[PDB]
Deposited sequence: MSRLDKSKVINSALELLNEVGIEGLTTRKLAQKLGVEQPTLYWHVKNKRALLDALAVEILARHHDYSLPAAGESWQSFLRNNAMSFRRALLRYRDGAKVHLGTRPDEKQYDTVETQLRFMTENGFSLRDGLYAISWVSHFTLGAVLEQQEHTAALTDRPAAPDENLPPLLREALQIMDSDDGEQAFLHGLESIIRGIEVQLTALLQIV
């Protein structure tokens, strides 16, 4: 019964699950809400507008480990934040693609600012703090994108165990390798690593 912003977005998230980022259009959203296209256009001007809103909501509803806890170590922060970002992305169909295809908004910007601050307080230079957060974000995006898209002897036998896993243990193992890489770099300081 409503074209209130929260209900447009809830309905569009529902639709995104039904049809994916490609098949989602303002025309189908209007059909879904019981409304004429010019009525919807008043509210949501185009698909780019829609997807910007959806990206924000995806991270607003499900990315609850965005900020580091009091006393938390940097390692645990990156681990927990990566884990939270991944699950937020996997909640909706093409969620990674919705995230990729929009520019950062006010929240993300404010949130990454608090994260750099946190990192810098923990030994990281600005560039390395930023690189760390970005590299973790890129690794996580790649993994989810591959999962949401988703025979030689050795590949056969190694695939035994990717089988029994949509991608989480592989994601978790690689995440530790990265964090340990960052610990070693960080600890070496201004000498040869």
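When the deposited sequence is numbered from 1, the segments without any C-alpha atom are 1, 152-165.
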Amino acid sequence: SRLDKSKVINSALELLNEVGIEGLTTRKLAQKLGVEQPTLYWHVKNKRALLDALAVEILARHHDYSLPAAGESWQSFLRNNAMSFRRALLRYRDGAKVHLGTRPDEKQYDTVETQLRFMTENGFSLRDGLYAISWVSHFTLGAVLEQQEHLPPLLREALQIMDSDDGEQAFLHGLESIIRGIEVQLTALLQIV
From here on, numbers count along this sequence of modelled residues.
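According to the PDB record, 37-45 carries the higher mean C-alpha B-factor of the two stretches 135-143 and 37-45. Taking only CA atoms, the mean B-factor in the PDB entry is higher for 69-77 than for the other of 88-96 and 69-77. When the Cα B-factors of 130, 54, 29, 155 are read from the PDB record, 155 comes out highest.
Looking at the C-alpha B-factors along this chain, the one for residue 181 belongs to the lowest third. The entry lists a Cα temperature factor for residue 174 that places it in the lowest third of the chain's modelled residues.
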